[PDB]
Amino acid sequence: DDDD
Amino acid sequence: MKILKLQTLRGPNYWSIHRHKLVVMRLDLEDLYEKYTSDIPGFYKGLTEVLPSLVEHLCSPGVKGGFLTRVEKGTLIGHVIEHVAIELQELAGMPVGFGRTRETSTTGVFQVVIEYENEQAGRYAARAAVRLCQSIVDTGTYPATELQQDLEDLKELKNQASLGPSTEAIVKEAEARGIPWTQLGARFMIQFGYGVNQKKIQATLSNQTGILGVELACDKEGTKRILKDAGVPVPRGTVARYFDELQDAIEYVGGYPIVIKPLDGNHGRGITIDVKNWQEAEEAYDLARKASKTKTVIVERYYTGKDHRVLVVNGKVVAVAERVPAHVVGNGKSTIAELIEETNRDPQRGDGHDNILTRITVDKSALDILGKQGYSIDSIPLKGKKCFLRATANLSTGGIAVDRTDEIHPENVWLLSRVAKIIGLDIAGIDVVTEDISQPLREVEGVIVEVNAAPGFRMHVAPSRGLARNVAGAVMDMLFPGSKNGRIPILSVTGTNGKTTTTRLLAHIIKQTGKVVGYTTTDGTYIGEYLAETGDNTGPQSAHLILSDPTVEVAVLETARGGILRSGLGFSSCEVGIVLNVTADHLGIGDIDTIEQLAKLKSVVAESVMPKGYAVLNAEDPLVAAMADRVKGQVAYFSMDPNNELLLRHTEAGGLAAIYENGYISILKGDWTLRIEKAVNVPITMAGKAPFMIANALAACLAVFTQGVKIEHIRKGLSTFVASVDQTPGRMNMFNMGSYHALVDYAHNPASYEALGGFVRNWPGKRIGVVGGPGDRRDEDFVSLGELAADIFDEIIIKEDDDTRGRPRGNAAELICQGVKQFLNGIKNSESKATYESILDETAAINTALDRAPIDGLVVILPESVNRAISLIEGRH
Ligand SMILES: Nc1ncnc2c1ncn2[C@@H]1O[C@H](COP(=O)(O)OP(=O)(O)OP(O)(O)=S)[C@@H](O)[C@H]1O
Ligand SMILES: Nc1ncnc2c1ncn2[C@@H]1O[C@H](COP(=O)(O)OP(=O)(O)OP(O)(O)=S)[C@@H](O)[C@H]1O
Ligand SMILES: *N[C@@H](CCCNC(N)=[NH2+])C(=O)O
Ligand SMILES: *N[C@@H](CCCNC(N)=[NH2+])C(=O)O
Ligand SMILES: [Mg+2]
Ligand SMILES: [Mg+2]
Ligand SMILES: [Mg+2]
């Protein structure tokens, strides 16, 4: 998750 | 050494302009006040062995090692302290190159100004510099362990207050385009622009990214179903949760090979890539089931081909990168054993979340993967061909990205744009598996594997095997389509004596146009017709409230000297910067001791005007008119005297001035005169009796005229603006109760006292006056207030503000009494024999003033708080  | 005060400046400030991030400390030199470095035993050697890097400081000599020569000749410790602070935060990787040291008015205190990159890091460096210097002067050296501890703390502070590379790139692009950006305090959100023109991002999600699209992208099966319903070639797959369903699912997918993956996982936990028989499928299913958070497992057909990551911004394909997994090539007749560490010794590879190319981690799982390769450690590659270490094709493992943006087939571009629009994402990262991205996904058996919201473009701005793509530029184009910044018109009003009235008049005039005006004044912060916040609200902390409101179209900010001194300006630039006047009244506060320093401080607003903006200056004030130079953008003069030579010369070559010529507020556009109003039909001027109100009206009218506001709107706003309690809280307020009249004002300095007298002296009735001043002002100011009150009034009631700001109680009252006594003794005959008495309570003072008001008299009140006088006169009808 986050900056995939 | 004793640190007395530590302030941080975040915008244009007194010390510098274009150097927004500064820290200023009041440093007390209790014992080393006049001790030079040459007179301190062993100071130079200890300092130069503690920090040899100081040899790089090109000081006032301007040559390599000049600061060292300055220390040699003997220098004050403030200079070496600022230099050691610069070097201390420079060693931590933060480049800073600004520093100043000044002698304050008080005896033993210096002011030291240090440029910073991080606020906490800058404050820590400033605090540590004095400790380092004190340790050097006390012992001759600083311990290396403490120096390393301080550097590690500085590095930790730099890392902690750092954005991510995606946010860093987007913010850098926004800065390059001149679009303002601020950091919100909630969820690491960055706000671009101001008011109604603002946008928000977190890392890659924008404020226009949909919840539904993100949630659909996060759902693998839902995304596959939606894309299949749209004809997009997704892989043929199925879901399974029990062991017995595996064989049926494998039959459904169409045979072998297949892929087993978990529904929910991170970093590809328990995902097999290629299995071709039963038993390996069983162990892969067990691994994925124990890796999934919900026990359920996807099984799909395996599709051969390379893995590409396609970035789609605003429905357009911006970058395409093929992910080649970790591999080595034996073209130099060398095997795996040498190359695994040969690649690791390349400067491109690095760890953390900054260097995208990671070291080739030889894990036990990686050992197993290279076991399935069919070769071994020393098995030399055949012919010099690629041999892989893993199959996930990820940068974290140590793989590479190859730019393929110029080779993607146009049909593929259309299909991927459709995929991004169908899912509902403005920025999307699509994973494609295909043998050739240059051919349509129908000819080859290419598939869309997944869609990712908030993708990282870290591999597209540094492919390492191709051309970098400006992803941040594309994002900023999506956020701000044209050549448009996110700015709204900002009008910053500064000056000594008319900021609040001018700000309110400007707000009213712009309100005449159909625009929502957010303006901050001394009374409070307003948005449109409603009060958004109470209090003083004249610093940047209240400018942020206006500039971040999603409904504000024009910002009008009263910029007092206090906010500029404390933390600078709340904005980088202003569309209009108005300077009304600079009078040396409240000197001594801060480092401001001369009227030249006060003019320099108030000139920050004038020098912050953008090149397309305007600076509205008082031509009648020599100090304000001196700000004509060193101003980027046009200059517009306003003068109460129509024969001002400077204003006339300015209008002859160019124009854009404002004057009060023949009972008329007029705008000069060069050789053209445009009259607005008779200045007796303007209520605040009080039939032209108050000249200072006319000057404020001139400034406001010129400011709105420079921005293209129609003359009709200016006229309507000037006519409909009232100087009563309904609009003006305590500015030139008349109250009529029949027998006499009450004037409540906000006069607390000699200049406003003179302006007040210039209108009061015309009243034909008795003059009673309650005067006072803040306790943090100089004694001479109180004497001037007393003598002016003696000159203008007939009955004097001296009161001292309850919030005395540290001054002993009473002192100001008896000193105003001394001033009134001096003025009384300066008169020979009974020309003006005004009676004087002092009571220190606001309620008692106003009650006494209102009790003995004769017929047709005028009672002037200058209270600490306007609401007190308003309530007291409202109660008595
Ligand atoms: N059906 C498939 N056919 C061929 N290759 C596939 C298939 N499914 C996945 N892959 C490959 O495996 C990689 C990882 O697949 P993902 O669907 O991303 O699994 P994951 O659990 O989401 O792992 P991450 O965290 O997204 S990298 C893809 O980038 C493809 O290279
Ligand atoms: N152009 C002017 N020149 C001199 N005195 C003025 C001028 N405009 C207004 N004044 C007087 O100064 C008083 C105080 O100024 P205001 O405009 O009410 O507030 P202010 O200028 O913001 O003062 P501060 O900085 O908030 S304490 C007013 O009540 C007027 O009597
Ligand atoms: N890639 C990432 C996107 C999840 C949505 N992001 C936020 N911040 N809600 C993921 O978890 O797959
Ligand atoms: N992926 C994202 C991570 C940085 C944002 N997260 C936090 N905690 N600041 C990025 O910006 O690349
Ligand atoms: Mg993926
Ligand atoms: Mg994914
Ligand atoms: Mg004010």
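Residues numbered from 1 in each chain as written, not as in the entry; some residues may be left out. Chains lettered and ligands numbered in written order. Part of a larger assembly, values for the part shown. Heavy atoms only, no water. Residues with missing side-chain atoms left out of burial classes, pairs and counts.

Per the PDB record, the structure was determined using cryo-EM to 2.52 Å resolution.

Thoughts on the overall build of chain B
Counted only if it meets this: Only DSSP runs of H or I reaching four residues or more are called helices, and only runs of E reaching two or more are called strands; each is numbered from the N terminus. For a compact globule the rule gives 2.2 Å times the number of residues to the power 0.38, and the radius of gyration it is set against comes from C-alpha atoms. Summary of the burial criterion: residues with accessible area below 20% of their type's maximum are buried, those above 50% are exposed, and those between are partly exposed, where the area comes from a 1.4 Å probe applied to protein chains only. Contact definition: two residues touch when any of their heavy atoms are within 4.5 Å. All tallies of charge rest on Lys and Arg as positive and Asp and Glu as negative; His and the ends of each chain are not included. In plain terms, the charge of a residue is placed at NZ if it is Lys, CZ if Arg, CG if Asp and CD if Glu.
Looking only at helices and strands, one finds 27 helices and 34 strands in chain B. Here the C-alpha atoms of chain B give a radius of gyration of 36 Å, more than 25% beyond the 29 Å that 2.2 N^0.38 yields for 877 residues. Here chain B, with 877 residues, has 52% of them falling under the buried criterion. Across chain B, contacts joining residues at least 24 apart in sequence account for 65% of those joining residues at least 6 apart. Distance from the positive charge centre (95 side chains) to the negative charge centre (109 side chains) of chain B: 3 Å.

Re a nonpolar patch on the surface
Defined as follows: Within this analysis, patches are made of residues with over 30% relative accessible area and no salt bridge. Like charges are joined at 9 Å or less; nonpolar side chains (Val, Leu, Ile, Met, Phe, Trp, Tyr) at 5 Å or less. Per-residue and other accessible areas were derived by the Shrake-Rupley procedure at a 1.4 Å probe size, with only the shown protein chains allowed to occlude residues. Basic side-chain nitrogens of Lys or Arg form a salt bridge, by our definition, when they fall within 4 Å of a carboxyl oxygen of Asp or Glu.
A contiguous nonpolar surface patch, about 320 Å² in accessible area, is contributed by B:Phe243, B:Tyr256 and B:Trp278. With respect to the helices and strands, B:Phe243 occurs in the loop between β8 (237-240) and α9 (245-253).

Examining the packing of aromatic side chains
All names here are of chain B. Our working definition: Ring geometry is summarised as follows: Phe, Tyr and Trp rings, the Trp one being its six-membered ring, pair when their centres sit within 6.5 Å, and such pairs are stacked at plane angles under 30 degrees, edge-to-face over 60 and tilted between the two. Any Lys NZ or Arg CZ found within 6 Å of a ring centre and within 35 degrees of that ring's normal is scored as a charge over the ring.
Considering all chains together, one arrives at 4 aromatic pairs over all chains under this definition. With 5.4 Å between their ring centres and 65° between their planes, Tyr14 and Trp15 make a pair best called edge-to-face. This pair shows no difference in class: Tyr14 is buried, exactly as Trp15 is. In this arrangement the basic side chain of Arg236 is found over the ring face of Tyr252, its NZ or CZ atom lying 4.5 Å from the centre. We note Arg731 situated over the ring of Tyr746; from NZ or CZ to the ring centre the distance is 4.3 Å.

Looking at the packing of helix α21 (residues 691-706) of chain B against helix α22 (residues 711-720) of chain B
Residue and element names in this part refer to chain B. Rules: Here the axes come from fitting lines to C-alpha atoms, over the contacting stretch only for helices, and the angles between their N-to-C directions go from 0 to 180 degrees. Working rule for angles: under 35 degrees goes down as roughly parallel, over 145 as roughly antiparallel, 65 to 115 as roughly perpendicular, anything else as oblique. In this scheme the crossing of two helices becomes right-handed for a clockwise turn of the near helix relative to the far one and left-handed for an anticlockwise turn of less than a right angle. In this classification, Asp, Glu, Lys and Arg are treated as charged, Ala, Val, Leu, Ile, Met, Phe, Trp, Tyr, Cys and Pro as nonpolar, and every other residue, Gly included, as polar.
Interhelical geometry of α21 versus α22 gives an angle of 150° and a closest axis separation of 10 Å. In terms of axis orientation, α21 runs roughly antiparallel to α22. Of the two elements, α21 crosses α22, and the hand of that crossing is right-handed. Contacts from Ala697, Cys701, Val704 and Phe705 in α21 reach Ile711, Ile714 and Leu718 in α22. Classifying every residue of the contact of α21 with α22 by side-chain character gives 7 nonpolar, no polar and no charged.

Examining the pattern of salt bridges
Residue and element names in this part refer to chain B. Summed over all chains, the structure comprises 30 salt bridges over all chains. Ionic pairing is found between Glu575 and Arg487, a salt bridge with its closest N-O pair at 3.3 Å. Linking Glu575 in strand β23 (residues 574-579) with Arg487 in the loop between α14 (471-479) and β18 (490-494), this pair joins segments that are 88 residues apart in sequence. Like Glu575, the residue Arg487 is buried in the burial classification. In this structure, a network of salt bridges that share partners links the residues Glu221, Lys224, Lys261 and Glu300.

Let's talk about the coordination of the magnesium ion (ligand 6)
Worth spelling out the cut-off: Coordinating N, O and S atoms are those within 2.8 Å of the metal (3.2 Å for Na, K and Ca), and as water is not part of the atoms, a site may appear to have fewer donors than expected.
Listed as protein donors to the magnesium ion (ligand 6) are B:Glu450 (OE) and B:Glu450 (OE); their distances from the metal cover 2.2 Å. When you line up the elements, B:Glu450 lands in strand β17 (residues 447-453).

A look at the site of ligand 2
All names here are of chain B. The cut-off we apply is this: Any residue with at least one heavy atom within 4 Å of a molecule or strand is counted as near it. Polar contact is defined as a pair of N or O atoms within 3.5 Å, subject to the rule that within protein one atom must be able to donate a hydrogen and the other to accept it, and that residues adjacent in sequence are counted only when both atoms are side-chain atoms. Just so you know, the domain bounds were taken from an automatic or database domain assignment.
Taken together, 17 residues surround ligand 2, and among them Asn497, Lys499, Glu558, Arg731 and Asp745 come closest. Between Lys499 and ligand 2, the recorded distance is 2.8 Å, taken from a side-chain N or O atom to an oxygen atom. Contacts to ligand 2 include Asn581, whose side-chain N or O atom sits 3.3 Å from a nitrogen atom. Relative to its unbound accessible area of 640 Å², ligand 2 is 89% covered by the protein chains. Breaking the shell around ligand 2 down by element, the ones donating at least two residues are α15 (499-512), α21 and α23 (750-760). Here the shell around ligand 2 is composed, by residue class, of 4 nonpolar, 9 polar and 4 charged. Each of domain 1 (490-720) and domain 2 (733-876) accounts for three or more of the residues forming the shell around ligand 2.

Let's talk about the sheet that holds strand β5 (residues 181-183) of chain B
All names here are of chain B. Condition: For two strands to pair, DSSP has to find at least two bridges joining them.
Spatially, the 3 strands line up as an open sheet ordered β5-β6-β7, and their pairing is antiparallel. Looking at the sheet topology across the chains shown, the edges are occupied by β5 and β7 (199-201). Taking each pair of neighbouring strands and ignoring which way they run, the sheet shows an average axis angle of 25°. On top of the sheet, helix α6 (residues 165-176) reaches β5, β6 (190-192) and β7; it is set at about 20° to β6, its chief contact.

A short note on the environment of B:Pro235
Residue and element names in this part refer to chain B. Along the chain, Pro235 falls in the loop between α8 (220-229) and β8. Using a relative accessible area of 7% as the deciding quantity, one classes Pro235 as buried. In sequence terms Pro235 and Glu450 are 215 residues apart; their C-alpha atoms lie 9.8 Å from each other. The residues touching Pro235, leaving out its near neighbours within four places in the chain, are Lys224, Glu300, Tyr303, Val447 and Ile448.

Brief notes about the UniProt feature "binding site: Mg(2+) 3" (unreviewed entry) in chain B
All names here are of chain B. Quick reminder of the rule: UniProt positions are given in the numbering used here, feature names are shortened, and annotations may be inferred rather than shown by experiment.
Following the UniProt record, the feature "binding site: Mg(2+) 3" (unreviewed entry) maps to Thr500, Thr522 and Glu558 here. On the basis of their most widely separated C-alpha atoms, the annotated residues across 59 residues gather in one place, lying no more than 7.4 Å apart. The topology assignment puts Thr522 in the loop between β19 (517-520) and β20 (524-527). Owing to a relative accessible area of 17%, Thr522 belongs among the buried residues under this scheme. The residues contacting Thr522, other than those within four sequence positions of it, are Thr500, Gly535, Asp536, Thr538, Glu558, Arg731 and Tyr746. Side chain to side chain, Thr522 and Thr500 meet in a polar contact 2.9 Å long.

Notes on the environment of B:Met94
Residues and elements named next belong to chain B. Within the element layout of this structure, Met94 appears in the loop between α3 (77-91) and β3 (99-103). You can call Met94 buried: its relative accessible area is 1%. Placed 60 residues apart in sequence, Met94 and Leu154 show a C-alpha to C-alpha distance of 9.4 Å.

Some details on a negative patch on the surface
A cluster of like negative charges, contributed by B:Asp244, B:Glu245, B:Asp248 and B:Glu251, occupies part of the molecular surface. Of the residues examined, B:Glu245 reaches a relative accessible area of 33% and is grouped as partly exposed.

Section: the coordination of the magnesium ion (ligand 5)
Note on metal sites: the ideal angle is 109.5 degrees for four tetrahedral donors, and 90 or 180 degrees for six octahedral donors. All names here are of chain B. Bound to the magnesium ion (ligand 5) are the protein donor atoms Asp431 (OD) and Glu450 (OE), situated 2.1 to 2.2 Å from the metal. For the pair the magnesium ion (ligand 5) and the magnesium ion (ligand 6), the metal-to-metal distance amounts to 3.9 Å, and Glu450 bridges them. Taken together, the positions of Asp431 in strand β16 (residues 427-434) and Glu450 in strand β17 put the pair 19 residues apart, joining distant regions of the chain.

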